[PDB]
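Because only heavy atoms are used, hydrogens play no part in the values below, and waters and symmetry mates are left out as well, while side chains stay in. Reminder, nothing fancy here: chain letters follow the sequence lines and each chain counts from 1.
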2 protein chains.
Amino acid sequence: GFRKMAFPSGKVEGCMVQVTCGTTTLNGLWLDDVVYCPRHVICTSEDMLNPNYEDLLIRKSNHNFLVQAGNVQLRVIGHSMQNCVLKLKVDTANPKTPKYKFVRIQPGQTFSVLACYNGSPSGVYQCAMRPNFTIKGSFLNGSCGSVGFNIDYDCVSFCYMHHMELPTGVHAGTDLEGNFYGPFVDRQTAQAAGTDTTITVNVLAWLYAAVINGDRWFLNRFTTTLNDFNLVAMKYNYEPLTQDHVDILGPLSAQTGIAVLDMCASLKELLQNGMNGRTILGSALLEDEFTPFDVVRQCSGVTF
Amino acid sequence: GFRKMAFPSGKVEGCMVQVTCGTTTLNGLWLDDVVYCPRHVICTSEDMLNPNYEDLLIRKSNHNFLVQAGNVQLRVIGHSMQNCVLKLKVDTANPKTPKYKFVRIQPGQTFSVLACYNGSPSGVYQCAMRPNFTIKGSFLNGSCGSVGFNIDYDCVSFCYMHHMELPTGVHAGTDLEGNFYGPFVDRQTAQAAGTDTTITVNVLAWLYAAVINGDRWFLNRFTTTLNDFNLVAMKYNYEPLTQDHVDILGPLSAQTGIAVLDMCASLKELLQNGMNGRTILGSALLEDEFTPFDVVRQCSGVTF
């Protein structure tokens, strides 16, 4: 048994608040005495085409921001802009503030999203940062300000805040310092995401997962080289594999007794021949949103 | 965008504790001054083949149970057996006790699992109760006592506690009153799960989800009857559909303008013709672990 598993959400749930500016409601992240939220909260429908955020923020007073933490109305005592985030200084430190860090993740890494509406948690699920710096999330109107995170030991590492849906129906957002992942801007304009690619190291991790769960039909007696594998990779829009990827997969290799370059030969055959109506871990497609760390945690039982 | 989404786990996280009896550690659920856990915690390796739980529990003293809530060691002041659960009366009420209910769910319904090791949360994911009263979870050694739950409004409804893995690699467990779901016993013996079937109403809900997410290739101009659909259903090991199922799907029907019996004709074609290498919501197989309620929550944005 092997599932898409999210981190436990409790420590983030106690940080989620509602932020209203005019008729626009979305979510904020209440850490210590600062609420972080998307700066587009200050936009009117009209402003959203080509907003001058500097001029719009000058228009705003602390009293134009209605922040609720469940029942409590939090008084905003200061407002400032960092990149695409608004920091709303509030009169109360969050007593539910967990230990935390702000981190900028790499493309191919995974995180949990706590999807929120009206400052209330709705649900938690795992996402990857796509190589083209989009995410394939589940987000309705008013989900903006929902965050992505990892937990290490007892520390929440915030890596994502939700801002927008692209034409293609994928999602874009920032780190908690307000810098977009990828080329996107917080403007209601047609914006191209790059060509996306499949995260090869993650497909290999998931093939290792399949083998640990005794699902090993796709194994073949052959090996390959990074060099020769990367030829097929480029043909099927897979990211090239590096020795770093090979080193990262060592625990699953050593755990299974299958060399990385042997697994890579099995992947080559799957891309060329397809799956002949066979499934791997109850899927009819190659899965690329589990990192090697994700597989090790689910197949070794790491807790927080 | 449409994901397997778990409920937020915070309110359950504060209830999870470690329960050790000899060399056996698993998890317990600390509500008020009672810790609930699988009664097989009291078994030795040997006892597990054919345990006489009444005689084994008589052997045990409060002092044979080591219960930790994070740092705190909880003193057990009473022990009793209800069906397949142990209730360990402790000297401290859990100050983190949420509002809660114990519910016995129906086959075909979904719940969130907080997978735990050593009384520490590892992760949260959605499960269905299979028609054969098993669950396809992700659980390692020491995951016993992990619980499944739903949240309504502000109330946690506990419906599952994990006890065992079946030969097939699926999972079995009890309600929080200690009654197994299905024919299973807490004995380390070969036990047959029934033939499993596909949860038809859930596959229809997910086809509705696909249509809401504008993924509608599989729609055809035809209708059918419960009567005639149920002929194909029985042929492909799908549960029969009732008017109750039709009524349950009304919100998604009314939401989409597609009649239930029209969706049922599309499902008939998919079962007979397969998917021709096309995907629905980024899946190459028919998904049956989303209930109509699950689809409505993800596609209407219900919070807690």
Of the listed B/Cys127, B/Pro8, B/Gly123, the one with the largest count of heavy-atom pairs under 4.5 Å with chain A is B/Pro8
Counting heavy-atom pairs under 4.5 Å to chain A, which of B/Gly10, B/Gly137, B/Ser138 comes out on top? B/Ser138
How far apart are the closest heavy atoms of [X] and [Y], and which atoms are they?
X: B/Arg297; Y: A/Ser122; answer: NH1-O, 2.8 Å
X: B/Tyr125; Y: A/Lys4; answer: CB-O, 3.6 Å
X: B/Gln126; Y: A/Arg3; answer: O-NH1, 3.1 Å
X: A/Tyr117; Y: B/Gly301; answer: CD1-O, 3.8 Å

[X] versus chain B, the contacting section by heavy-atom distance below 4.5 Å:
X: A/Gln298; answer: both
X: A/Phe304; answer: both
X: A/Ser300; answer: backbone
X: A/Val302; answer: backbone

Nearest-0.5 Å distance, CE of residue A/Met16 to OG1 of residue B/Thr303: 11.5 Å
Applying a criterion of heavy atom separation less than 4.5 Å, what residues of residues 141-150 of chain B form contacts with chain A? none
Quick check: are there more than 12 heavy atoms from other residues, nucleotides or ligands sitting under 6.0 Å from OH of B/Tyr236? yes
If you count heavy-atom pairs within less than 4.5 Å of chain B, which of A/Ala284, A/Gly1, A/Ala6 leads? A/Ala6
Do any N or O atoms from the side chain of A/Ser9 and from the backbone of B/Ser9 form a donor-acceptor pair under 3.5 angstrom? yes
